[PDB]
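Since the structure comes first, as structure tokens, the remarks are kept for the end.
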Amino acid sequence: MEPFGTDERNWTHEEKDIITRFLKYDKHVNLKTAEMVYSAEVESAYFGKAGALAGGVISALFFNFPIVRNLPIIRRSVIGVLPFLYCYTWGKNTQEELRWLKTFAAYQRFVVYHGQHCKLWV
Amino acid sequence: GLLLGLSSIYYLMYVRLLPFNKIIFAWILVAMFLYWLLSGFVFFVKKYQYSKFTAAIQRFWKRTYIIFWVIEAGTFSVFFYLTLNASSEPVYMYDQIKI
Amino acid sequence: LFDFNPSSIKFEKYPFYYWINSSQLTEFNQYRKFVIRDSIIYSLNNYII
Amino acid sequence: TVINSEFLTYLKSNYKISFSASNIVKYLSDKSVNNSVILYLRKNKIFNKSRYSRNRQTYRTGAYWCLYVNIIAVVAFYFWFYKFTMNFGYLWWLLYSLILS
Amino acid sequence: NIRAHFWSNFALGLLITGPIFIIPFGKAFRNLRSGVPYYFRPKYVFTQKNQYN
Amino acid sequence: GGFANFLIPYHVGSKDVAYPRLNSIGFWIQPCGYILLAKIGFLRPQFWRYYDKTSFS
Amino acid sequence: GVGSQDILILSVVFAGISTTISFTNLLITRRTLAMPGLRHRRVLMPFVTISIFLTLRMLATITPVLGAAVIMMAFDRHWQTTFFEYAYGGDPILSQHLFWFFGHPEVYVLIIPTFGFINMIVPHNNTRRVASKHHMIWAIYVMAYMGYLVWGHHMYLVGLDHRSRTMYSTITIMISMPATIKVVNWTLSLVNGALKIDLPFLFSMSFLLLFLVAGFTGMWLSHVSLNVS
Amino acid sequence: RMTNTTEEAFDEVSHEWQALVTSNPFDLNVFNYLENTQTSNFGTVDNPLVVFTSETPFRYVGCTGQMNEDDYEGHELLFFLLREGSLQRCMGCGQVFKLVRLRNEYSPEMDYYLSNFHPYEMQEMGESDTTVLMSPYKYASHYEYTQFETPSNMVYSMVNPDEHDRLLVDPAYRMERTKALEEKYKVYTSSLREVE
Amino acid sequence: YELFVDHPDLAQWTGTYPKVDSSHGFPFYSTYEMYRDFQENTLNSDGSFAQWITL
Amino acid sequence: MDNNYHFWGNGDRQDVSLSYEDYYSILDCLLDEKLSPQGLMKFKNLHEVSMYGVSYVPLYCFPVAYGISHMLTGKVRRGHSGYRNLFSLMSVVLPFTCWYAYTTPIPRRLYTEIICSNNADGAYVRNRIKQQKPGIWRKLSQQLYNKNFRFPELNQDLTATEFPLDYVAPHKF
Amino acid sequence: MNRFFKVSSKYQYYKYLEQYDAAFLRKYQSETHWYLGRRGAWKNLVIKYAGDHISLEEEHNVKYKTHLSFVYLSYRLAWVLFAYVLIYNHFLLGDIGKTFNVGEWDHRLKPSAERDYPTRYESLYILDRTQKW
Amino acid sequence: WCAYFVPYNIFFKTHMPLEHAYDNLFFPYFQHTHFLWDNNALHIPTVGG
Amino acid sequence: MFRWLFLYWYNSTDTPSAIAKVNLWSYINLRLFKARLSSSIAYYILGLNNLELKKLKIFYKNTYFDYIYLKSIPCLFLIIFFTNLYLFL
Ligand code: HEA
Ligand SMILES: [Cu+2]
Ligand SMILES: [Zn+2]
Ligand SMILES: [Zn+2]
């Protein structure tokens, strides 16, 4: 149903959220596709939480690293938060990536279920 | 290195609940396999350290390298050929979407 | 290099803006089963207004 | 190098040069001679009469590696496709040979 | 008919393109990039380029 | 195995072969394939006979 | 079912690996470690060595095909890849084609060295030169060539297209041309010499007599209607 | 890319380098390429075919007879064990072979057979910076290329093994002998220039 | 002749006979064994019947 | 200005320009049922010319990639010796040069007659590109309005009572 | 020509450096002779003698040989298992159930197989595991 | 972090593949489990080594 | 540096025995580089007294494109003439 091509606009955050909530709660979605979206939502949050927690744990140690512990406060804080920022970004990006990939798979399943893709037929 | 490797090995064994005797037998066999291959290669390196690496030996090992890679690419060539002209249902009624 | 080049600027902040449903501007010559797509587009626009 | 005039005259009188030098070193100038590296080649008794080096005449690691390959093939195939494992306790004295070894 | 026209034009282009393009192209081989006159850099066979040019 | 490994060094005129290690390897890996391919008439997963009361074990 | 069939498939994989090792070791020897005068003149080597090298090259060509076929069979058995299930794309005829592409060159690998054995024994006892060693070498080499275009005479009935079937039949019937050259050369090697009757010579005569029958019966098997029957 | 023979060439590498830099028949006969042996003359009584052996009492020699352009070989391949001591002839074609047992020496006799050997190719000598050419067209014609140059400023001096060991463990003696050999090389070059 | 003198290996690959004249008695510094399969596996040589069958 | 101005695969400087990629994308939003036999013939001719062209495009990019790959290696010409690095850098760069070539619009008479035709076939093609390929139609309409083409489907239509379906790029009035 | 000025070491053996042109030393202690300059190459001789004899073929790495415990374990196991394979496949195929044990382990996703028990303990334990995904 | 923590969590703590696992594979989307692969656990010695 | 093998082997004072008395083997004097023929055909006939070394050289290897262009003009004009004659007839 979506336009296809290089010039086409990539899926925005609002479009992704709308399509996710459509797949979760609509009446025209079969139980398998809705279960796919639900399982996507269930497993994804752990990745963001774990990324944030691991970044917080590492940056607590990295704040006292042999060179970092002997730097002026501003540079010490920036270098210490660099692991936290990287790990938090990794967790959030991985959570969003997993959730959106399985949601897009569910969207493809919905489209094929209702025959809304040309050049796709049984 | 030993800490990480042994912890990973024990974690995988624990999560898969493998039969210890059978897996230890299989892993001993595979360890002997790999160890003796690598030991032969180490023998070659150590003996070619001095007084053994002539032009004939060098050309022999270059030929060995090219022959091994030609052997490896031989079966891969057949698999790639099969992949190119892969079998499919007739285009008329069975599989009209493969176009 | 040295002539007119079409601009690639496009609307970037309106959801499903380029999910264009058929009308008199599109001649109604789309894929036949896209009526469900048009209905979904209508519902999404009524949601986002 | 500078050759003494008396020595050169003595050499000219005693020996008359009649044939040219086939060595290419005659063309070398002093800069090329001074820019040369001296390398050493130890000359000892020769026993290997082939362009290939001496080859070890026993492959014990190879023999045992092939024995292990045979064991792997037979045991793994029987355990996978037949699900059969050899009952080593049937020949307990062979197993005891293994233990006592 | 098209073949006859094409081969007439091909011979004519061999006549024309040479002195306009190829012969001046030879002027690019008188010397090398560094300015030293052209010499022989072999690939594998050290051919005896004994003749003049 | 036999005739090639015996005659190629003779007829071609080579000291042993190019890979004596590979020659030994081939010979000592032959027996496993022989055993696997020759005893399928004695072996099958249904190893028990028709009068073996499988209901006892 | 799971068992002997899988054993056979993986044992064929292992046999292909062993054949790879064998022909690698043997062919690198003649190309690299040959004596200075017999690097490329194959007409000077004994006919058993010429035949062995030809069969090693043939095995080098067909071992990857056989390995691919058996690997596909194993995948179909244990992964349900449906390589030979017609319902969704596969075809068993592909498996037959692969195996017989390996198949006939294997039998030609098996038979040719015995030609070397007889071509060595007969001149030795007859203390005379063989009839035509060059022509026999070229006959076995063209037989090896034709071995890669006659693999389909084992698949006459499986329903191959008539174009392919006729190609297989016409290239198979012409393999009688090289073999008769071998027979004539052996017969002419037996004549006009000082015969020294040994025990290997009688085995050579038995081999010739046996090869006369099997060859013409196999040629009869290329008759399409007879092969159908 | 050329081996520093002062520290690395001991027995086989050392003998190969000696063959390369001297063309001494014995050494050369050890490392002659198996691909080709120089086409010698037909063996007669007055001009026997010389078969070289590097201090080995015998050698397997095959004979095919009077080679022709029509067919490359004259008669069938016949092998025999050519032994040291006297002229021995293939009776199939009456070809006389002489087994010359080359000795590890620099006698003029050894220099007599200097023209019966291919010069030792140095393309494969030393380490190579290319494993093998992945070219279907150049596999049988070209050796591996090199990104580096081959120096030509090396002068080789044979040294007795024990002395060579003292070269490796006594750097002062090594420098002394190297300086003396450089002086001798200067003297030799000056003498050659004077002769010219 | 130029191919044989300058690129002997390639010359051998072509089945070319050593073209250097050695009537003076000194053998050439780089000769080779003949490789005549190309000129033997022909419709004009000993491999005539085999090449006819392949043709 | 070649002598073969009649050729359908040929084109002048100001013909309608479509980059190969776009052309292929255009093939994904059309059906042969809706097209007349003349439109089908146009599309078949375009397919023939386009398959030959896409075959030939990497070759055109070879000298540019060959030069760029050499300049990445350095200022040394190790012909037959620097082949490994040269061809690795080529396997990298030649895709980029072909990317630029394939994303570069090229004029063609088939392009200018398939899109800009008064008949129902051209109207159908324009409407399908407008609805199913919004960005492709956006840039194509920007190109067409500068070539004195006036169609109801163009976003740059000043005589239309219906609002445009897409953003209108800046242009001279 | 710049001569080595002087050597300040009390070791009188090092005084040889003062007798040569620095470039000369540069030629025979650096560049080509860098891995040999001013060093007693005893280790070269030791390694050459190590590599030219007929020593223990079992090598672990460059520095060390394979451990004797590992070598002997491998050899004993190989010989005994090869003997077992030969004897069982040539003599003891008459009654498979007497000479072979049926054993099997499968994926934890599937239910535990009937033959997934510790052999030699069928009379004491019956083994099962909870499935996983 | 990169070689142990990241692979562990995306291999054993989820069944959803990441984009780089299948973006070039023309397979339908599917999940993967650690407990239906490599019955003969040759991956354990490989990973440990 | 020799072109003719016989010359190379007539009076060779670089033979190892001589070099054995100084023990200085220059890398620049490898026999592989000592002799190389002229890549032009050289064959021996029987002269009035002894062998005569006749040289066969058929064509030069220093031809430049301009020469190639000057001799190709008649061929190109012949092609043009024949094509136009076919068109007229
Ligand atoms: C080494 C083994 C070997 C050799 C040499 C051959 C040689 C030949 N074989 Fe084959 N063949 C097999 C092994 C061999 N074969 C096997 C194992 C199978 C079955 C595989 C399977 O299905 O299980 C098979 C199957 C087989 C078939 C399939 C039969 C069928 O399944 O329908 C055919 C038919 O085309 C055939 C033909 C030939 C031909 C035409 C030759 C020719 O090469 C032979 C020609 C030789 C001669 C012609 C020389 C004889 C000389 C004469 C002068 C005879 C004249 C003399 C008198 C009449 C007295 N073979
Ligand atoms: Cu057959
Ligand atoms: Zn003779
Ligand atoms: Zn070459």
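Each chain in the structure tokens gets a letter, A, B, ..., in the order shown, and its residues are numbered from 1; ligands are numbered from 1 in order too.
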
Within 9 Å of residue 111 (chain K), counting only C-alpha atoms, which residues qualify if same-chain residues fewer than 4 places away don't, as an MDAnalysis selection string? chainID K and resid 106:107 128:131

Could I get the residue neighbourhood of ligand 1 at 6 Å, counting only C-alpha atoms and all ligand atoms, as a list in words?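 So, counting only C-alpha atoms and all ligand atoms, the residues near ligand 1 are residues 107, 108, 110, 111, 153, 154, 172, 173, 175, 176, 179, 180, 212, 215, 216, 218, 219, 221, 222 and 227 of chain G.
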
Set out as a Markdown table a contact list for chain A and chain B with a cut-off of 9 Å, giving each residue of chain A that qualifies its closest atom pair and distance in Å to one decimal, counting only C-alpha atoms, ordered by chain and rising residue number.
| residue | atom | partner | partner_atom | distance |
| --- | --- | --- | --- | --- |
| A:119 | CA | B:97 | CA | 7.0 |
| A:120 | CA | B:97 | CA | 7.1 |
| A:121 | CA | B:97 | CA | 7.5 |
| A:122 | CA | B:97 | CA | 8.5 |

Please return as a PyMOL selection string the residues found within 8 Å of ligand 2, counting only C-alpha atoms and all ligand atoms. chain G and resi 100+103-105+107+147+150-154

Taking only C-alpha atoms and all ligand atoms into account, list the residues no farther than 9 Å from ligand 4, as an NGL selection string. (:E and (44-45)) or (:H and (137-143)) or (:I and (7-10))

Can you list, as number ranges by chain, all residues belonging to chain D that DSSP tags as strand (DSSP E)? D: 37-42, 84-86

Dump as a PDB file, in the first residue's frame, selection limited to N, CA, C and O atoms:
ATOM      1  N   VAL D  37      77.829  -5.180  -0.823  1.00  0.00           N
ATOM      2  CA  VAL D  37      77.616  -5.841   0.460  1.00  0.00           C
ATOM      3  C   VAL D  37      78.233  -7.229   0.398  1.00  0.00           C
ATOM      4  O   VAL D  37      78.006  -7.975  -0.563  1.00  0.00           O
ATOM      5  N   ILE D  38      79.011  -7.574   1.419  1.00  0.00           N
ATOM      6  CA  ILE D  38      79.660  -8.877   1.503  1.00  0.00           C
ATOM      7  C   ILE D  38      78.752  -9.825   2.275  1.00  0.00           C
ATOM      8  O   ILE D  38      78.398  -9.559   3.428  1.00  0.00           O
ATOM      9  N   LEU D  39      78.376 -10.931   1.639  1.00  0.00           N
ATOM     10  CA  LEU D  39      77.558 -11.963   2.256  1.00  0.00           C
ATOM     11  C   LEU D  39      78.360 -13.253   2.354  1.00  0.00           C
ATOM     12  O   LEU D  39      79.289 -13.484   1.575  1.00  0.00           O
ATOM     13  N   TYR D  40      77.996 -14.093   3.319  1.00  0.00           N
ATOM     14  CA  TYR D  40      78.726 -15.318   3.611  1.00  0.00           C
ATOM     15  C   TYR D  40      77.850 -16.527   3.328  1.00  0.00           C
ATOM     16  O   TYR D  40      76.678 -16.556   3.714  1.00  0.00           O
ATOM     17  N   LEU D  41      78.426 -17.520   2.656  1.00  0.00           N
ATOM     18  CA  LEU D  41      77.761 -18.783   2.357  1.00  0.00           C
ATOM     19  C   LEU D  41      78.611 -19.907   2.930  1.00  0.00           C
ATOM     20  O   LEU D  41      79.681 -20.213   2.394  1.00  0.00           O
ATOM     21  N   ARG D  42      78.143 -20.520   4.014  1.00  0.00           N
ATOM     22  CA  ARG D  42      78.898 -21.608   4.618  1.00  0.00           C
ATOM     23  C   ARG D  42      78.881 -22.824   3.701  1.00  0.00           C
ATOM     24  O   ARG D  42      77.820 -23.259   3.243  1.00  0.00           O
ATOM     25  N   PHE D  84      23.421 -46.002  17.265  1.00  0.00           N
ATOM     26  CA  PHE D  84      24.155 -47.099  17.881  1.00  0.00           C
ATOM     27  C   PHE D  84      25.462 -46.588  18.466  1.00  0.00           C
ATOM     28  O   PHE D  84      26.211 -45.870  17.796  1.00  0.00           O
ATOM     29  N   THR D  85      25.732 -46.962  19.712  1.00  0.00           N
ATOM     30  CA  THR D  85      27.017 -46.719  20.350  1.00  0.00           C
ATOM     31  C   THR D  85      27.628 -48.064  20.707  1.00  0.00           C
ATOM     32  O   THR D  85      26.948 -48.926  21.273  1.00  0.00           O
ATOM     33  N   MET D  86      28.899 -48.248  20.360  1.00  0.00           N
ATOM     34  CA  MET D  86      29.564 -49.517  20.622  1.00  0.00           C
ATOM     35  C   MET D  86      29.637 -49.780  22.119  1.00  0.00           C
ATOM     36  O   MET D  86      30.006 -48.900  22.901  1.00  0.00           O
TER      37      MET D  86
END

Once you count only C-alpha atoms and all ligand atoms, which residues end up within 6 Å of ligand 3, and could you hand them over as a ChimeraX atom specification? /H:63-65,90,92-93,95

Mind writing the picked residues with N, CA and C atoms as a PDB file, in the first residue's frame?
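Ended up saving to result-v8.pdb:
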ATOM      1  N   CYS H  63      66.394 -43.975 -22.263  1.00  0.00           N
ATOM      2  CA  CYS H  63      66.836 -43.712 -23.625  1.00  0.00           C
ATOM      3  C   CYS H  63      65.677 -43.930 -24.581  1.00  0.00           C
ATOM      4  N   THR H  64      65.434 -42.950 -25.447  1.00  0.00           N
ATOM      5  CA  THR H  64      64.452 -43.086 -26.510  1.00  0.00           C
ATOM      6  C   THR H  64      65.078 -43.070 -27.895  1.00  0.00           C
ATOM      7  N   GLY H  65      66.396 -42.927 -27.996  1.00  0.00           N
ATOM      8  CA  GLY H  65      67.066 -43.058 -29.274  1.00  0.00           C
ATOM      9  C   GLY H  65      67.267 -41.765 -30.034  1.00  0.00           C
ATOM     10  N   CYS H  90      73.258 -47.690 -24.528  1.00  0.00           N
ATOM     11  CA  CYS H  90      71.983 -48.283 -24.899  1.00  0.00           C
ATOM     12  C   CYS H  90      72.148 -49.032 -26.209  1.00  0.00           C
ATOM     13  N   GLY H  92      69.719 -50.502 -27.906  1.00  0.00           N
ATOM     14  CA  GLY H  92      68.617 -50.312 -28.832  1.00  0.00           C
ATOM     15  C   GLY H  92      68.961 -49.346 -29.947  1.00  0.00           C
ATOM     16  N   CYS H  93      69.718 -48.300 -29.626  1.00  0.00           N
ATOM     17  CA  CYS H  93      70.148 -47.326 -30.612  1.00  0.00           C
ATOM     18  C   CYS H  93      71.656 -47.130 -30.633  1.00  0.00           C
ATOM     19  N   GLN H  95      73.689 -45.875 -28.215  1.00  0.00           N
ATOM     20  CA  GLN H  95      73.986 -44.545 -27.693  1.00  0.00           C
ATOM     21  C   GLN H  95      74.859 -44.649 -26.451  1.00  0.00           C
TER      22      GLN H  95
END

At a cut-off of 10 Å, using only C-alpha atoms, what residues contact residue 109 (chain A)? Leave out same-chain residues fewer than 2 positions from it and give the result as a VMD selection string. (chain A and resid 29 to 30 32 to 33 36 103 to 107 111 to 115) or (chain L and resid 28 to 29)

Restricted to N, CA and C atoms, what would the selected residues look like written as a PDB file, in the first residue's frame?
ATOM      1  N   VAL A  29      -7.505  -7.287  11.347  1.00  0.00           N
ATOM      2  CA  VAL A  29      -6.221  -7.948  11.525  1.00  0.00           C
ATOM      3  C   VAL A  29      -6.469  -9.319  12.134  1.00  0.00           C
ATOM      4  N   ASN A  30      -5.906 -10.353  11.515  1.00  0.00           N
ATOM      5  CA  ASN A  30      -6.067 -11.703  12.027  1.00  0.00           C
ATOM      6  C   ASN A  30      -5.281 -11.872  13.326  1.00  0.00           C
ATOM      7  N   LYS A  32      -3.016 -14.043  14.165  1.00  0.00           N
ATOM      8  CA  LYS A  32      -1.589 -14.315  14.017  1.00  0.00           C
ATOM      9  C   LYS A  32      -0.784 -13.028  13.877  1.00  0.00           C
ATOM     10  N   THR A  33      -1.258 -12.092  13.051  1.00  0.00           N
ATOM     11  CA  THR A  33      -0.549 -10.828  12.871  1.00  0.00           C
ATOM     12  C   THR A  33      -0.540 -10.005  14.156  1.00  0.00           C
ATOM     13  N   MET A  36       1.929 -11.446  16.404  1.00  0.00           N
ATOM     14  CA  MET A  36       3.267 -11.044  15.983  1.00  0.00           C
ATOM     15  C   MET A  36       3.623  -9.671  16.537  1.00  0.00           C
ATOM     16  N   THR A 103       7.143  -5.511  13.430  1.00  0.00           N
ATOM     17  CA  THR A 103       5.899  -4.834  13.082  1.00  0.00           C
ATOM     18  C   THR A 103       5.745  -4.698  11.572  1.00  0.00           C
ATOM     19  N   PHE A 104       6.843  -4.447  10.860  1.00  0.00           N
ATOM     20  CA  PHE A 104       6.787  -4.367   9.406  1.00  0.00           C
ATOM     21  C   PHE A 104       6.528  -5.736   8.794  1.00  0.00           C
ATOM     22  N   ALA A 105       7.075  -6.792   9.399  1.00  0.00           N
ATOM     23  CA  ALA A 105       6.728  -8.142   8.967  1.00  0.00           C
ATOM     24  C   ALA A 105       5.241  -8.410   9.158  1.00  0.00           C
ATOM     25  N   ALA A 106       4.691  -7.983  10.295  1.00  0.00           N
ATOM     26  CA  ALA A 106       3.261  -8.137  10.536  1.00  0.00           C
ATOM     27  C   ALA A 106       2.443  -7.315   9.549  1.00  0.00           C
ATOM     28  N   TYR A 107       2.929  -6.126   9.194  1.00  0.00           N
ATOM     29  CA  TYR A 107       2.251  -5.306   8.196  1.00  0.00           C
ATOM     30  C   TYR A 107       2.256  -5.982   6.831  1.00  0.00           C
ATOM     31  N   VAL A 111      -0.983  -7.119   4.734  1.00  0.00           N
ATOM     32  CA  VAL A 111      -1.198  -6.710   3.349  1.00  0.00           C
ATOM     33  C   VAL A 111      -1.464  -7.923   2.467  1.00  0.00           C
ATOM     34  N   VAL A 112      -0.673  -8.984   2.635  1.00  0.00           N
ATOM     35  CA  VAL A 112      -0.901 -10.201   1.862  1.00  0.00           C
ATOM     36  C   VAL A 112      -2.222 -10.853   2.254  1.00  0.00           C
ATOM     37  N   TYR A 113      -2.592 -10.775   3.534  1.00  0.00           N
ATOM     38  CA  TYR A 113      -3.848 -11.360   3.994  1.00  0.00           C
ATOM     39  C   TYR A 113      -5.042 -10.700   3.320  1.00  0.00           C
ATOM     40  N   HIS A 114      -5.000  -9.378   3.162  1.00  0.00           N
ATOM     41  CA  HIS A 114      -6.063  -8.633   2.505  1.00  0.00           C
ATOM     42  C   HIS A 114      -5.713  -8.258   1.071  1.00  0.00           C
ATOM     43  N   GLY A 115      -4.686  -8.879   0.499  1.00  0.00           N
ATOM     44  CA  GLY A 115      -4.397  -8.732  -0.920  1.00  0.00           C
ATOM     45  C   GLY A 115      -4.180  -7.306  -1.374  1.00  0.00           C
TER      46      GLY A 115
ATOM     47  N   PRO L  28      10.912 -15.066   3.858  1.00  0.00           N
ATOM     48  CA  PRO L  28       9.923 -14.408   4.712  1.00  0.00           C
ATOM     49  C   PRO L  28      10.479 -14.229   6.114  1.00  0.00           C
ATOM     50  N   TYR L  29       9.966 -13.216   6.805  1.00  0.00           N
ATOM     51  CA  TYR L  29      10.427 -12.952   8.160  1.00  0.00           C
ATOM     52  C   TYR L  29      10.093 -14.126   9.070  1.00  0.00           C
TER      53      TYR L  29
END

Residues of chain H within 10 Å of chain G, counting only C-alpha atoms - could you list those as a ChimeraX atom specification? /H:32-39,61-64,72-73,75-78

Atoms kept (C-alpha atoms) for selection, written as a PDB file, in the first residue's frame:
ATOM      1  CA  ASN H  32      68.689 -28.037 -11.729  1.00  0.00           C
ATOM      2  CA  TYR H  33      64.999 -27.487 -12.417  1.00  0.00           C
ATOM      3  CA  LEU H  34      63.118 -30.738 -12.940  1.00  0.00           C
ATOM      4  CA  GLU H  35      61.017 -28.985 -15.593  1.00  0.00           C
ATOM      5  CA  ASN H  36      63.803 -29.001 -18.184  1.00  0.00           C
ATOM      6  CA  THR H  37      67.315 -30.389 -18.521  1.00  0.00           C
ATOM      7  CA  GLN H  38      69.532 -28.893 -21.215  1.00  0.00           C
ATOM      8  CA  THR H  39      69.310 -30.823 -24.480  1.00  0.00           C
ATOM      9  CA  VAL H  61      68.886 -43.061 -17.317  1.00  0.00           C
ATOM     10  CA  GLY H  62      66.156 -43.561 -19.897  1.00  0.00           C
ATOM     11  CA  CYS H  63      66.836 -43.712 -23.625  1.00  0.00           C
ATOM     12  CA  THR H  64      64.452 -43.086 -26.510  1.00  0.00           C
ATOM     13  CA  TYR H  72      59.784 -36.637 -30.786  1.00  0.00           C
ATOM     14  CA  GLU H  73      61.383 -39.942 -29.744  1.00  0.00           C
ATOM     15  CA  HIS H  75      62.658 -45.683 -30.115  1.00  0.00           C
ATOM     16  CA  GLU H  76      60.725 -46.860 -27.073  1.00  0.00           C
ATOM     17  CA  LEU H  77      61.626 -45.648 -23.598  1.00  0.00           C
ATOM     18  CA  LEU H  78      64.236 -48.040 -22.188  1.00  0.00           C
TER      19      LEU H  78
END

Who sits within 7 Å of region 6-14 of chain C, only C-alpha atoms, same chain under 5 positions skipped, as an MDAnalysis selection string: chainID J and resid 139 142:143 167 169

Include N, CA, C and O atoms and write out the residues we just selected as a CSV table (one decimal), in the first residue's frame.
chain,number,residue,atom,x,y,z
J,139,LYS,N,9.5,14.9,-9.4
J,139,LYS,CA,10.7,15.4,-10.1
J,139,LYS,C,10.4,15.4,-11.6
J,139,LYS,O,10.8,16.3,-12.4
J,142,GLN,N,8.3,18.5,-12.4
J,142,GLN,CA,9.2,19.6,-12.4
J,142,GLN,C,10.0,19.7,-13.7
J,142,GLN,O,10.2,20.8,-14.2
J,143,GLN,N,10.5,18.6,-14.1
J,143,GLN,CA,11.2,18.6,-15.4
J,143,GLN,C,10.3,18.9,-16.6
J,143,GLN,O,10.7,19.7,-17.5
J,167,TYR,N,4.1,18.9,-3.0
J,167,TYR,CA,4.8,20.2,-2.8
J,167,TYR,C,5.3,20.6,-4.2
J,167,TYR,O,5.7,19.8,-5.0
J,169,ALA,N,7.9,22.8,-6.2
J,169,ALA,CA,9.2,23.4,-6.1
J,169,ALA,C,9.3,24.8,-6.6
J,169,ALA,O,8.5,25.1,-7.5

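Interatomic distance, CA of residue 97 (chain J) to CA of residue 50 (chain J): 18.3 Å.
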
Restrict the distance test to only C-alpha atoms, flag each residue of chain K within 9 Å of chain H, and return the flagged residues as a VMD selection string. chain K and resid 13 to 17 20 24 to 25 28 32 to 33 35 to 42 44 to 45 48

Could you save the residues just selected, with C-alpha atoms, as a compact mmCIF listing (two decimals), in the first residue's frame?
# COMPACT_ATOMS: atom_id res chain seq x y z
CA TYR K 13 85.90 -6.36 23.25
CA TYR K 14 83.62 -3.48 22.19
CA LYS K 15 86.66 -1.45 21.09
CA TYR K 16 86.43 -3.05 17.63
CA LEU K 17 83.76 -0.49 16.66
CA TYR K 20 85.57 1.04 11.02
CA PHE K 24 80.56 0.49 6.88
CA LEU K 25 78.89 -0.40 10.18
CA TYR K 28 76.82 -4.54 8.08
CA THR K 32 70.16 -5.59 5.31
CA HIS K 33 72.01 -6.83 8.42
CA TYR K 35 68.45 -8.49 12.37
CA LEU K 36 72.10 -9.50 12.89
CA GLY K 37 74.06 -6.33 13.75
CA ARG K 38 76.13 -6.30 16.95
CA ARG K 39 74.37 -9.49 18.11
CA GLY K 40 75.73 -12.98 18.67
CA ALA K 41 73.47 -15.17 16.54
CA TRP K 42 73.70 -18.21 18.80
CA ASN K 44 70.03 -19.00 14.94
CA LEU K 45 72.40 -21.96 15.34
CA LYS K 48 68.72 -24.58 13.04

Closest pair table for chain G residues within 9 Å of chain I, only C-alpha atoms, as CSV:
residue,atom,partner,partner_atom,distance
G:36,CA,I:33,CA,8.0
G:37,CA,I:33,CA,6.8
G:38,CA,I:33,CA,8.2
G:39,CA,I:33,CA,7.4
G:40,CA,I:35,CA,5.6
G:41,CA,I:35,CA,6.9
G:134,CA,I:46,CA,6.7
G:135,CA,I:46,CA,6.5
G:137,CA,I:47,CA,8.8
G:138,CA,I:47,CA,5.7
G:139,CA,I:50,CA,6.0
G:140,CA,I:50,CA,8.8
G:141,CA,I:50,CA,7.7
G:142,CA,I:50,CA,5.3
G:143,CA,I:50,CA,8.4
G:145,CA,I:54,CA,7.6
G:146,CA,I:54,CA,7.8
G:174,CA,I:53,CA,7.8
G:177,CA,I:53,CA,8.5
G:178,CA,I:50,CA,7.8

Using only C-alpha atoms, which residues sit within 12 Å of region 118-120 of chain H once same-chain residues fewer than 6 positions away are excluded, as a PyMOL selection string? (chain B and resi 55) or (chain D and resi 51) or (chain H and resi 16-25+27-40) or (chain I and resi 26-32) or (chain M and resi 29-36)

Please check the contacts: residues of chain K at most 8 Å away from chain D, using only C-alpha atoms, listed as number ranges by chain. K: 27-28, 54, 57-58, 74-82, 84-85, 88, 98-104

Extract, using only C-alpha atoms, all DNA, RNA and protein residues at most 10 Å from residue 8 (chain G), discarding same-chain residues fewer than 5 positions from it, and format them as a PyMOL selection string. (chain D and resi 77) or (chain F and resi 33+36-38+40) or (chain G and resi 3+13-14+70)

Where in region 4-133 of chain K does DSSP assign alpha helix (DSSP H), given as a ChimeraX atom specification? /K:22-29,42-52,68-91,96-99
